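Novice: First to last, the protein sequences are chains D, A, B and C. Residues 504 to 579, 582 to 596, 607 to 621, 625 to 633, 635 to 713 in the entry's author numbering are what the first sequence spells out, letter by letter. Residues 504 to 576, 583 to 596, 607 to 628, 633 to 713 in the entry's author numbering are what the second sequence spells out, letter by letter. Residues 505 to 596, 606 to 629, 633 to 713 in the entry's author numbering are what the third sequence spells out, letter by letter. Residues 501 to 576, 583 to 595, 609 to 621, 625 to 630, 635 to 713 in the entry's author numbering are what the fourth sequence spells out, letter by letter. Cβ atoms here follow ideal geometry from the backbone N, Cα and C, with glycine treated the same way.
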Amino acid sequence: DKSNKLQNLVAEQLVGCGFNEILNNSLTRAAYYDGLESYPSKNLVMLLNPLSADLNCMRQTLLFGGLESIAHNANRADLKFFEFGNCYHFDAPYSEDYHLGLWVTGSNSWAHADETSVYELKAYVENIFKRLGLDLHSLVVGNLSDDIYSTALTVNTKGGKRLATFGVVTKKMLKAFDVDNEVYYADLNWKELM
Amino acid sequence: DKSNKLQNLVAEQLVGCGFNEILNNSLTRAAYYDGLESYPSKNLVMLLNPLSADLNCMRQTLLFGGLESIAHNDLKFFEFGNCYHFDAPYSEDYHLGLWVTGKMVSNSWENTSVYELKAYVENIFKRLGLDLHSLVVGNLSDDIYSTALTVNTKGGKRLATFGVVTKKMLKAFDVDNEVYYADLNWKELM
Amino acid sequence: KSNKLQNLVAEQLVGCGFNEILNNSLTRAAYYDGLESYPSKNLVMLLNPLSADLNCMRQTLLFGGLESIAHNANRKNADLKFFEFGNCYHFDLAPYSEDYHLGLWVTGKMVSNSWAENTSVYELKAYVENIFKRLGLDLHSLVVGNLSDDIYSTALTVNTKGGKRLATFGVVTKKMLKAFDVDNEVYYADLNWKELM
Amino acid sequence: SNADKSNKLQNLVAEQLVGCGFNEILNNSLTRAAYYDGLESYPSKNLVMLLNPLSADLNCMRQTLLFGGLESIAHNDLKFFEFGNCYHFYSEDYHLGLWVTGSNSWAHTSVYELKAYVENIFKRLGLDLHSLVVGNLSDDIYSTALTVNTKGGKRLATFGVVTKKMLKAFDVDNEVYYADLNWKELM
Ligand SMILES: [Mg+2]
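(1) Of all the CB atoms in chain A, is at least one closer than 8 Å to the CB of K585(B)?
(2) According to DSSP, which residues form a beta bridge with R532(C)?
(3) According to DSSP, is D706(D) helix, strand or coil?
(4) So, under 8 Å CB-CB, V619(D) and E639(D) are touching, yes? Tell me the CB distance rounded to an integer number of Å.
(5) Is any heavy atom of ligand 1 found at a distance shorter than 7 Å from the C-beta of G519(B)?
(6) In the DSSP assignment, what are the bridge partners of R681(A)?
(7) Assuming contact is defined by CB atoms lying nearer than 8 Å, are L712(A) and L651(A) in contact in what I supplied?
(8) Could you name the residues of chain D that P608(A) contacts, counting a contact when the two beta carbons are closer than 8 Å?
(9) Mapping the DSSP letters down to three states, classify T689(A) as helix, strand or coil.
(10) Got a sec: is the Cβ-Cβ distance from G568(A) to anything in chain C below 8 Å?
(11) Would you kindly work out how many angstroms separate the C-alpha atoms of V548(B) and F595(B), rounded to a whole number?
(12) Consider the Cβ of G521(B): report whether some Cβ of chain A lies at a distance smaller than 8 Å.
(13) Considering only C-alpha positions, which residue in the set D697(B), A607(B), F589(B) and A556(B) is nearest to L517(B)?
(14) To the nearest angstrom, how far is the alpha carbon of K691(B) from that of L617(C)?
(15) Cβ closer than 8 Å: which chain A residues qualify as neighbours of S572(D)?
(16) Give me the residue from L558(C), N502(C), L566(C) and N507(C) with the minimum Cα distance to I525(C).
(17) Round the Cβ separation of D666(C) and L539(C) to the nearest angstrom and send it over; I've been treating them as touching at under 8 Å.
(18) Run through chain D and tell me which residues come within less than 9 Å of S529(A), C-beta to C-beta.
(19) In three-state DSSP terms, what is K505(B)?
(20) Residues of chain A with a CB under 9 Å from the CB of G652(C): which are they?
(21) Using CA coordinates, which residue listed in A577(D), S625(D), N626(D) and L558(D) is at the minimum distance from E611(A)?
(22) In terms of residues, what are the limits of the beta strand (DSSP E) holding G621(B)?
(23) Please classify residue 738(C) as buried or exposed, where buried requires at least 16 other C-beta atoms within 10 Å of its C-beta.
(24) Based on the DSSP output, what are the partners of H594(A) in its beta bridges?
(25) Do residue 631(B) and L615(A) have their CB atoms nearer than 8 Å?
(26) Please report how far the alpha carbon of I647(D) lies from the alpha carbon of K680(D), in whole angstroms.
(27) Using a C-beta cutoff of 8 Å, does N581(B) count as contacting chain A?
(28) Expressed to the nearest angstrom, what Euclidean distance is found between the alpha-carbon atoms of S544(A) and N591(A)?
(29) Quick one: does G621(C) have its CB under 8 Å from some CB of chain A?
(30) Quick check: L682(C) and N708(C), are their CB atoms within less than 8 Å of each other?
(31) Which residue's Cα is closest to the Cα of residue 579(A): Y703(A), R562(A), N546(A) and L551(A)?
(32) Residues of chain A with CB under 7 Å from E701(D), in chain order?
(33) Check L570(B) in the structure and name its three-state DSSP category.
(34) Look up residue 599(A) in the DSSP assignment and say whether it is helix, strand or coil.
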């Protein structure tokens, strides 16, 4: 109920900020994870006879679905998408966790150099954090450069639980998914924010 | 888009009728489907190395999760969730399930509870702006329901199924009260 | 104020599963042929009509909504619920006048000759009642009359004690659904918005 | 029998209320349709009307105990209660009504005392307080009120402050706090 009410509130808040809520399938492609360090293939919840099926595993991250939606969007530089959803993980060796993903897509002039950056995403994230009554001074923030992120921040409790990751998707990953304009991605560990 | 708002409107309406929302794992046990006809074992989306763990497949039906929840805890539960089907042989579909507990199972002296359950479903349909007159209602008793109604389009597409869960099924789940179960094919209703 | 209330009523209707529609004010004079409720002689005719289908300004919202229902046919199992705010025009120094209306259209069952309109007027009555409440209108001040004409098989009128029409709503005639290629029943309300202010 | 049980609990509650200073009142089941003219909460359309209603002062069955209690208040800090059948289109439902009438100096009236009496009735009846859903209400009867429902949504009680208008109609001054408990539903 706490989750459900707070999900509703976070959604209303994000829609009020011009976000669109998306829904992607939990069924996904194992190949997306081939070679990955942050979401390794060995931790995929694989399905039976996976050679004979295109969708052959359960998603370990929301990220790839979001990239598919962006790539497929008729209007694809002003996109703000969010998705609440279960992800799946193999080490009970199997686990199901609930995530909130955010996707924000993004001139010449001196006057208008102050506009599209990761910081607009960080603001969205902070505002979610404040709406959940998170103590901002408790947070331990670290740095990440990834197979998914060229740069990004990790956000942990003083106790060590991962609360969030957010940053700038590598251009390579964007090329892989047929997306041209910059993408800022946040993965919020929803259970840990209660 | 329209789905999200309606889910919310339906969740609120159900809470107002004293329902509590539940969330069950999409990972489940193939053994639940053993010898079922309505949700055949052969249509289960099994996991790779199914012997490696207790959880060994994706759910085909929301039903069993709800029975587990009833057997865990007069209950009224609802759940929005994906189910998974093996026929790209692997698909996912979105369902709304309702569980309503009734009287203790006894040998003492089902019609009237199906019609209480039907009232909740009607009110869901109205909230979805559905044309009640366009529906075709059928009778059903199977391995899931001793007594149930099916709701089809005039073309014969299934939109909902609801009724009384078999005593055998109740027994399989250590459930001691009668259970009234609805499964709404939510995507089909959009 | 009118603007504030229009927004409030729109939000309420959208909340109830309505979609707002917008239809052209330029329309077809032949729709009004032989009508008594909106007579052909009271139409505001164009000096330079574009065609037989575009030769006058609308006298009623009704017809545009029936066109919209016709164009919104679906294979889904859902009622269409539409509303529209718009001006209508009347010919009677200044013979041409305009007034502002809110129309509501709600579709029902497929037209059939099967056994079993009373319950339809009662369902539409609720949306109208809640609009009135939203406008702070005092229900017990209103006088409700019965009506049957070329538009409605069965209808209610809502009037002030003085006899001023505030709303009309009911079941659209079968003949009219047919003439518009609409194959579901239609419950239609016309609220005279300015009079509600 | 069920009626034997209702009778016993009715007596326990009546003794408890009397002990607390209430007087039991009894009013006619026959009433005036005029009372219900224009009401939303108890619609005129739902009265069990008697034949030739224009030719009888008392021309219908009561839907609510409220009006008889207001008549009783006029005719006498009062505390009144009444058990009695109500009628509407078909239902006969037994109800319990409670009426309580009501400084400004810092050292030293409201609905809170009425709530306490209601809560004490719920407890006498073994009703689990923690399963109850409370809502707000404002209408032609109450300027402010709480509604009390079961989890599933069945109305068990309504209690609050009667509108000054309603009280004006029955020649009643000051404040009246009124509770209507759906006795049948509490059995
Ligand atoms: Mg006392």
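Specialist: For this structure:
(1) Along the third sequence, one-based indexing puts residue 585(B) at 81. It does; some Cβ of chain A falls within 8 Å.
(2) Translated into the one-based positions of the fourth sequence, residue 532(C) becomes position 32. DSSP lists no partner for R532(C).
(3) By 1-based counting over the first sequence, the position of residue 706(D) is 187. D706(D): strand per DSSP, three-state reduction.
(4) Position 104 of the first sequence, counting from 1, holds the residue named residue 619(D). Position 120 of the first sequence, counting from 1, holds the residue named residue 639(D). With 8 Å as the limit, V619(D) and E639(D) qualify as a contact, their Cβ atoms being about 6 Å apart.
(5) Along the third sequence, one-based indexing puts residue 519(B) at 15. Not so, every heavy atom of ligand 1 lies at least 7 Å from the Cβ.
(6) To locate residue 681(A), count along the second sequence from 1; it is residue 158. In DSSP, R681(A) forms a bridge with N675(A).
(7) Start at 1 with the first residue of the second sequence, and residue 712(A) comes out as number 189. Start at 1 with the first residue of the second sequence, and residue 651(A) comes out as number 128. The answer is yes: Cβ separation under 8 Å.
(8) As a first step, residue 608(A) is located in the second sequence; it is residue number 89 there, counting from the start. Going along chain D in sequence order, the residues near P608(A) (Cβ under 8 Å) are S555 and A556.
(9) Residue 689(A) sits at position 166 when you count from the first residue of the second sequence. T689(A): coil per DSSP, three-state reduction.
(10) Taking the second sequence and counting its residues from 1, the one referred to as residue 568(A) is at position 65. Not one chain C Cβ lies under 8 Å of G568(A).
(11) What you label residue 548(B) is simply residue 44 of the third sequence in a count that begins at 1. What you label residue 595(B) is simply residue 91 of the third sequence in a count that begins at 1. Their Cα atoms are separated by approximately 5 Å.
(12) Start at 1 with the first residue of the third sequence, and residue 521(B) comes out as number 17. It does; some Cβ of chain A falls within 8 Å.
(13) Residue 517(B) sits at position 13 when you count from the first residue of the third sequence. Out of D697(B), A607(B), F589(B) and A556(B), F589(B) has the C-alpha closest to the C-alpha of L517(B).
(14) Taking the first residue of the third sequence as position 1, residue 691(B) is located at position 175. Taking the first residue of the fourth sequence as position 1, residue 617(C) is located at position 98. Cα to Cα, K691(B) sits roughly 57 Å from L617(C).
(15) Within the first sequence, numbered from 1, the residue matching residue 572(D) stands at position 69. None at all; the shortest Cβ gap to chain A is about 13 Å.
(16) Counting from 1 along the fourth sequence, the entry for residue 525(C) is found at position 25. The shortest C-alpha separation from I525(C) is found at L566(C).
(17) Counting from one through the fourth sequence, the residue named residue 666(C) turns up at place 140. Counting from one through the fourth sequence, the residue named residue 539(C) turns up at place 39. The Cβ separation is near 5 Å, so the contact holds.
(18) Locating residue 529(A) in the second sequence gives position 26, where the first residue counts as 1. Those within 9 Å of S529(A) in chain D are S529, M561, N591, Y593 and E611.
(19) If you number the third sequence from 1, residue 505(B) lands on position 1. Three-state DSSP puts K505(B) in coil, outside helix and strand.
(20) Position 126 of the fourth sequence, counting from 1, holds the residue named residue 652(C). Under the 9 Å cutoff, chain A gives no residues; its nearest Cβ is about 16 Å from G652(C).
(21) On the second sequence, position 92 is the one that residue 611(A) refers to. For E611(A), the nearest C-alpha among the options comes from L558(D).
(22) Counting from 1 along the third sequence, the entry for residue 621(B) is found at position 108. Segment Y609 to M623, the beta strand (DSSP E) holding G621(B).
(23) This structure cannot settle anything about residue 738(C), because the visible part of chain C is limited to 501 through 713.
(24) The count along the second sequence starts at 1 and reaches residue 594(A) at position 85. The partner list for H594(A) (beta bridge, DSSP) reads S610(A).
(25) What the structure lacks is residue 631(B): chain B is numbered 629, then 633, with the residues between left out.
(26) Counted from its first residue, the first sequence places residue 647(D) at position 128. Counted from its first residue, the first sequence places residue 680(D) at position 161. Straight-line Cα distance between these residues: approximately 18 Å.
(27) Taking the third sequence and counting its residues from 1, the one referred to as residue 581(B) is at position 77. Chain A contact via Cβ: present.
(28) Along the second sequence, one-based indexing puts residue 544(A) at 41. Along the second sequence, one-based indexing puts residue 591(A) at 82. Their backbone Cα atoms lie some 18 Å apart in a straight line.
(29) What you label residue 621(C) is simply residue 102 of the fourth sequence in a count that begins at 1. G621(C) does not count as touching chain A.
(30) Here residue 682(C) corresponds to residue number 156 of the fourth sequence, with the count starting at 1. Here residue 708(C) corresponds to residue number 182 of the fourth sequence, with the count starting at 1. It is a contact, given that the beta carbons lie within the stated cut-off.
(31) Coordinates for residue 579(A) are absent, as chain A skips straight from 576 to 583.
(32) As a working mapping, residue 701(D) is identified with position 182 in the first sequence. Near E701(D) there are no residues of chain A at all, since even the closest Cβ is about 25 Å away, more than 7 Å.
(33) Taking the first residue of the third sequence as position 1, residue 570(B) is located at position 66. Helix.
(34) You won't find residue 599(A) in this model, because chain A goes from 596 right to 607.
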